[PDB]
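> PDB entry and its sequence, pasted below:
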Amino acid sequence: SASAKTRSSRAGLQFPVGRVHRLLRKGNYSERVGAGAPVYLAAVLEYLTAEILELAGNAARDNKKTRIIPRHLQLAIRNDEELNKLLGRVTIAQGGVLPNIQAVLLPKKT
Amino acid sequence: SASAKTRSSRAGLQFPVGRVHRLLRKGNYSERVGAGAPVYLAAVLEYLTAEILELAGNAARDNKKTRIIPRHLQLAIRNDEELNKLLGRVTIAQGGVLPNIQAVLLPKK
Amino acid sequence: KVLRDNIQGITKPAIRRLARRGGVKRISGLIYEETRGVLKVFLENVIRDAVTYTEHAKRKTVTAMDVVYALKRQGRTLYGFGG
Amino acid sequence: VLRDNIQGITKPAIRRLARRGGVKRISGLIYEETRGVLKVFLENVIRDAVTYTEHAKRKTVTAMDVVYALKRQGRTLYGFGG
Amino acid sequence: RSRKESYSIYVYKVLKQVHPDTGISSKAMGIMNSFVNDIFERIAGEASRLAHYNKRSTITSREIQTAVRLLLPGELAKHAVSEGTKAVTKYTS
Amino acid sequence: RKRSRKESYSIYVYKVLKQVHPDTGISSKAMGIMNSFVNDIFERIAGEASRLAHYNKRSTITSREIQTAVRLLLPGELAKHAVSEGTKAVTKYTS
Amino acid sequence: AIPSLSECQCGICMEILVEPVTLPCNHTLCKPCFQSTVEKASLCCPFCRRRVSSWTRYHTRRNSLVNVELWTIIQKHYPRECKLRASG
Amino acid sequence: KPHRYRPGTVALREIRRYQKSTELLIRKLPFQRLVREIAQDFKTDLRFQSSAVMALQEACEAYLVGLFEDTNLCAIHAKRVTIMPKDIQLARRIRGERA
Amino acid sequence: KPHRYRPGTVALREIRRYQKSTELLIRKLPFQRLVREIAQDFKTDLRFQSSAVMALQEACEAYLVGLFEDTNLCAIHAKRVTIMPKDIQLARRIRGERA
Amino acid sequence: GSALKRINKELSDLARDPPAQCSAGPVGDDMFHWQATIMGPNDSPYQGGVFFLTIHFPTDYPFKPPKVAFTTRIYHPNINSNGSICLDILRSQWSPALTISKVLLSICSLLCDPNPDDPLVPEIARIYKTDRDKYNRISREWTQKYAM
DNA sequence: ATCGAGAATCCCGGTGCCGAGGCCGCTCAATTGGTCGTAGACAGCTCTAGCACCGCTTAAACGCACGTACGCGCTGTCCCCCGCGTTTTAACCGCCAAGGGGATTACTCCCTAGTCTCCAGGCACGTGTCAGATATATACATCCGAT
DNA sequence: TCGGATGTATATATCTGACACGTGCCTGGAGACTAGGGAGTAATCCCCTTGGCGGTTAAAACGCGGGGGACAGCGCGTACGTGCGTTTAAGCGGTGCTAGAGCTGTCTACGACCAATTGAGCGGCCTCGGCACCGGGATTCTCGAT
Ligand SMILES: [Zn+2]
Ligand SMILES: [Zn+2]
């Protein structure tokens, strides 16, 4: 990229690679920080955020709501079988729980 | 105490102070490290090690062995309830298991 | 300021909805008493960590940031309250 | 090429490791299930160790990378340096 | 007063990039901000530990790739490393 | 060539063991166990102190930081005993 | 209703559908294009620009990425093109 | 002839209605008072803020829901539907959260 | 008359003997063969040593000992003395790694 | 691999579909390097201006976007010193299904209505933003001097 | 309840061994002493919200009555792991060989921290506009007793 | 099978507060230059790790008789679900106070940082005794006969 413009635009991403680089420097993680690490980290963060937002938007469209709410995020995280593994030990505020019912607890078929 | 000697000696400790001070310096924990931080941390590890070693030695003396083995360490960790909580996650090399069978597990006449 | 009688303030029907959200349908009477002890231990641990952080931080007003730190440190991290 | 030698953790070996746990009688078909859980834990820890090795351009994995693999896994181990 | 730091505009921007219509709420924005911070902290701490392991002192892209390989599950990590490689390739050229 | 010099807490833990038990031996396996244990505890306390200092935008990990860290990571009895021991050590050093 | 070869060419490299993959937007693309797309492109649909990465990760384990039914159809009705394109 | 529902059906309706919703279950003021009780036990003349106790109650809700789900599993293991205390101690023991 | 011990007593003898000892309970060569199998499935032409193989073996034994403690607790809660597979996956689910 | 077939299909398409007010093709025997001759849109400060473009097709074409540089020097906010174009499809929003026709439509719509928000030459974009009409005369004169 | 033969287990005496501990030499990390930029205590001022009350309304909890689903105690069953004896097999120790890459050191080079100067991207703030909660008013799937 | 009673879902106004958008600005991000020290790379050497027999052999594998036990079923009394009338306080609004969180100018002493150096600390050698291994003897459950 020969464009000597803003580094986020130079990398073609949306998250601020400059702010990420600053946080790496002032985080007290290592004495030196490579110039390519912030781009990689911002790309990973942007991908994760984008896929969370996509799945939450799908949940909201299922709910016929045009405004993402923590319930949508909770449903998105628990519905996915590996985002759960990533964040199962974690708790989302005001998100509730996934709708599940034990088979035995169902009423007797009469 | 004012003295010109090793910090461990002047502080009345056994664990090194300059070594812990350097480890804090080049361990990527802070831009600047206080002077009392290494001596305090060395004292904390000093108490921990003293207690664990004395308990392990008592356990070994109970087992009539005067040379400590990792089984004695595992018994020292698990017999105490508070320190077991402190070291719940860790696994001891060659540690074995605490001898215990649940009451209902035992057979009946 | 004198204040007492904490744990029995919680209502048995509150534990009822908590179990219902858990998904269990039939509840014994002995559950309600031990649930109170569970809340005892959980709250005492969490706010002990929180007050430790606050007293370290020259502050005696326990903020939400500190309790979020306590939950994160315990591994029960909570979201939506900053950080 | 080595394949299908999971029977190395065999009937008496898994029985003895169970008896270490305090069980008296064990159903005869839990062996496949415990072999499966042993497997999945094994390739998890092996993934961690081998990628730790990959990071260092190292052609061999040592106990050091795997003990830090356990460290990150939440199964901190003692007795091999840290 | 003071100037607080947040990722609100970036999350909104990527949302509009991926969903041109659906809006966002304040609580959901807070959840997203804190989640990005948590993932950042996890990845960066793992990378710092990796750099300390090899007696190194520089956090380069390879350490970040290794950290994201460790943390995220299989194909999520695969997609993340693919995205990182594409981003660094675009940054270089 | 020369072998790179390595580090261990062997001599110091041996001194402590002899101080608390003047007739007790220690094997190499348990010796390495103690080395790993002290390294792990040191890492835990230092990491907690650094995290607390960053959580309070403080650039210096003073003795109070480790005081809070050990008060937290240690249950009641060990917490108070270690706090007392550390205060004794620091006041002896500064006196 | 069996589409001709032109309808059975992919939308990128103009070659036939081999191991076809069906997108939720009912878009089909020959398998090597999809491989070199999802990991080496913008993760979006080559036709409607929709982000279909979630579908890919959902279907990767169960091998439901490839559309088996239309692959069988084209193999029954157009096998020789598949044999020709087997070697790229 | 009152329409007395059979034991369980309205229970399941109530399950669904509180499971589809995310509204807070523990009552506000009693929980806040209890939290202040334990806090002033640990440290006298201590002052809180609303957001802190909100987060505390959300964490308590999550912990209780998870524990009660684990209780569901361990109780239905015994071919029972009535959850006993033994379910609670077994669930807390498997997680190893009581040290 | 041939002598046959009552089943369960020798079970307890084995339990006590093994809880008293610390030796390895898995044969090292089969375990390292499995380790190399997953290694070659993960990267061809990879090298180990004895210390690492011991480390994985002892981690395996510790993990399985913990899992079997938990499944014994579940089985005894289930009014049984025999551990069943359902106990195994239930104990795994409560521990919080599969869900 | 299939890149040769893709290039053959693209040249066939441009043979059947010559772009409006523009044209493109192989500069020679090589398939990666191609030449394009475009004529400036009437609804633009480059009325009737003729411009040349050299295009390098990459190895991973069509998946990697080809790189295009204007052969003639153009003084435009979206044209740099070496004639490159700051357009989204060129490096970021590139889509393999897009042919030369649609990207040429995009570039002609960009040239007809220049955007100084994301330029390559700052001074000309700034003077265009301040006063578009002096920029109109200067660009008209320049595209008169070198394109004729 | 009992005792007796039978294995199973702790204990004593002996012998050997290898590694735990003490001693020596040497190198490099801790200590001394000095300088100097700077995080941080610190007194002081602002202003935000948390406590406490206070009145009120009304939704939720309580105590009780009542019918009952089932937890569990018990009984009966056949079936499926256990112990033990007998057979095979790969584990296990001991030995030796090759080389390979782990580890170490010396050389070079270019990436990045650090400083300086410059600028616009994002945040605080205010304000317009609508998504949907709320409220009311309809129609339908379902429960259970009744057939 | 079955028809009301129940809750659930659907259609519509409306009004509300929250979300999106425009502005000021100002501090964090960006571009240029330098130095150097950390990292990449070439050379080597040697530790050990793979590999291989080969003998021994404890332990895995299999058969089999059998007895403890998971599982299937019955009843029965009980605690628990369900509904209702009742009481209680939880929640909402509104006021007032001030104590403490938070921001600001600042001075200072705690500590970053570098030359000298030396002795504590570490690598290697050597030595004996705590303990492993073995054989034998005495002690502790144990299970069948009462
Ligand atoms: Zn194709
Ligand atoms: Zn599409």
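Right, received. Where do you want to start? Numbers count the residues shown, from 1 in each chain, chains lettered A, B, ... in the order given. Ligands and ions are numbered 1, 2, ... in the order given.
> any idea how far residue I:76 is from the residue lying closest to residue G:14 once chain neighbours are set aside?
In this structure, residue G:14 finds its nearest non-sequential neighbour in residue J:9, 4.8 Å apart by Cβ to Cβ, 6 or more residues apart in numbering or on different chains. Every residue, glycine included, has its C-beta placed from N, CA and C. Separation of residue J:9 from residue I:76 (Cβ to Cβ, to the nearest Å): 72 Å.
> could you measure whatever residue of chain A ends up closest to chain C against chain J, distance?
Here the residue of chain A nearest chain C is residue A:93; by Cβ to the nearest Cβ that distance is 3.6 Å. Separation of residue A:93 from chain J (Cβ to the nearest Cβ, to the nearest Å): 36 Å.
> my guess is that residue meets residue E:28, correct?
No: counting by Cβ atoms under 8 Å, residue A:93 stays clear of residue E:28, with 10.7 Å between them.
> Quickly list what's touching both of these two.
Contact with both residue A:93 and residue E:28 is made by residues residue A:70, according to Cβ atoms under 8 Å, 6 or more residues apart in numbering or on different chains.
> quick one: contacts for the residue positioned nearest the centre of chain H?
In chain H, the residue lying closest to the centroid (Cα atoms, centre = their mean) is residue H:64, at 3.6 Å. Neighbouring residues of residue H:64 by Cβ under 8 Å, 6+ apart: C:15, C:18, C:22, C:35, C:38, C:39.
> same thing but 6 Å
Residues in contact with residue H:64, defined by Cβ atoms under 6 Å, 6 or more residues apart in numbering or on different chains, are residue C:18.
> hmm, back to that, and residue J:9 and residue I:76? which has more neighbours close in?
residue I:76 (20 against 16; other Cβ atoms under 10 Å in any protein chain shown).
> in what helix or strand does that one lie?
Assessed by DSSP states H and E, residue I:76 sits inside helix I:50-77.
> Next, please give the residue ranges for the helices of the chain.
Defaulting to chain A. Counting by DSSP state H, the segments of chain A that form helices are A:7-11, A:17-26, A:37-63, A:70-79, A:83-87.
> You answered for a different chain; I wanted chain J.
According to DSSP H, the helices that chain J contains are J:3-16, J:88-91, J:100-112, J:122-130, J:132-147.
> try chain G
Under DSSP H, chain G gives helices at G:31-38, G:53-60, G:68-77, G:79-85.
> Ramachandran angles for residue E:24?
phi -130, psi 160 (degrees, to the nearest 10).
> For it, give its distance to chain A.
For residue E:24, the distance to chain A - Cβ to the nearest Cβ - is 5 Å.
> Check residue J:39 too.
Residue J:39 is 28 Å from chain A, by Cβ to the nearest Cβ.
> and what of residue H:84?
Distance from residue H:84 to chain A, by Cβ to the nearest Cβ: 16 Å.
> Now do the same contact list for the closest residue to that residue other than its chain neighbours.
Counting by Cβ to Cβ, 6+ apart, residue C:28 is the residue found nearest to residue H:84 once chain neighbours are left out, at 5.9 Å. Under the criterion of Cβ under 6 Å, 6+ apart, the neighbours of residue C:28 are H:82, H:83, H:84.
> okay, these in a markdown table with secondary structure and neighbour count next?
Below are the contacts of residue C:28 laid out as a markdown table (DSSP: H, G, I helix; E, B strand; the rest coil; neighbours: other Cβ atoms under 10 Å in any protein chain shown):
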| residue | secondary structure | neighbour count |
| --- | --- | --- |
| H:82 | strand | 14 |
| H:83 | strand | 25 |
| H:84 | coil | 17 |
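> Can you tell me which of the residues you listed is closest to residue I:4?
Nearest to residue I:4 among those is residue H:84, at 39.1 Å by Cβ to Cβ.
> wait, what's in contact with the closest residue to chain I within chain A?
Closest residue of chain A to chain I, Cβ to the nearest Cβ: residue A:88 (5.5 Å). Residue A:88 sits next to residue I:99 when contact means Cβ under 6 Å, 6+ apart.
> Give the phi and psi angles for it, as a check.
phi -70, psi -40.
> from the helices of chain J, which stretch is densest packed?
helix J:100-112 (a mean of 17; mean count of other Cβ atoms under 10 Å in any protein chain shown).
> starting at the chain centroid, how far to that one?
7 Å (Cα atoms, centre = their mean, to the nearest Å).
> Is any residue of that helix near chain G?
No: if you take Cβ under 6 Å from any Cβ of the partner chain as the test, helix J:100-112 misses chain G, and the best it gets is 13.0 Å.
> Excluding its own residues, what touches that helix? List them.
J:17, J:19, J:22, J:24, J:41, J:43, J:44, J:78, J:87, J:89.
> Just the buried ones among these, please.
Among those, the ones that count as buried by 16 or more other Cβ atoms under 10 Å in any protein chain shown are J:19, J:22, J:24, J:41, J:44, J:78, J:87.
> give the contact list for the fourth one.
By Cβ under 6 Å, 6+ apart, the residues touching residue J:41 are J:108, J:112.
> picking up where we left off before, reformat the helices of chain J as TSV; add distance to residue A:67.
Output for those, formatted as TSV (distance: least, Cβ to Cβ, whole Å):
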stretch	distance to residue A:67
helix J:3-16	44
helix J:88-91	29
helix J:100-112	34
helix J:122-130	36
helix J:132-147	40
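> returning to what we had before: save the helices of chain A as a markdown table, and put in mean neighbour count too.
Formatted as a markdown table, these follow (neighbours: other Cβ atoms under 10 Å in any protein chain shown):
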| stretch | mean neighbour count |
| --- | --- |
| helix A:7-11 | 19 |
| helix A:17-26 | 18 |
| helix A:37-63 | 23 |
| helix A:70-79 | 22 |
| helix A:83-87 | 18 |
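> Can you say which of the ones you listed is nearest to chain J?
helix A:7-11 (7.6 Å).
> and the closest one with chain J, contact?
No: interface with chain J: helix A:7-11 contributes nothing (Cβ under 6 Å from any Cβ), its closest point being 7.6 Å away.
> How about stretch G:43-59?
Yes: using Cβ under 6 Å from any Cβ, stretch G:43-59 comes into contact with chain J via residue G:46.
> Between the two ends of that stretch, what distance do you get?
End-to-end distance for stretch G:43-59: 15 Å, by Cα to Cα, to the nearest Å.
> Return the distance of it from the chain's centre.
The answer for stretch G:43-59 is 12 Å, by Cα atoms, centre = their mean.
> what do you get for stretch H:28-35?
15 Å.
> How about it and DNA strand K, touching?
No: judged by Cβ under 7 Å from any atom of the strand, stretch H:28-35 and DNA strand K are separated, with a smallest distance of 7.7 Å.
> what residues does that stretch touch?
C:6, C:9, C:10, H:53, H:56, H:57.
> how far away is the residue nearest to residue H:84 from residue C:12?
From residue C:28 to residue C:12 the distance is 12 Å (Cβ to Cβ).
> quick one: which helix or strand includes the most centrally placed residue in chain E?
For chain E, the residue nearest the mean C-alpha position is residue E:40 (5.4 Å; Cα atoms, centre = their mean). Using DSSP H and E, the element containing residue E:40 is helix E:26-53.
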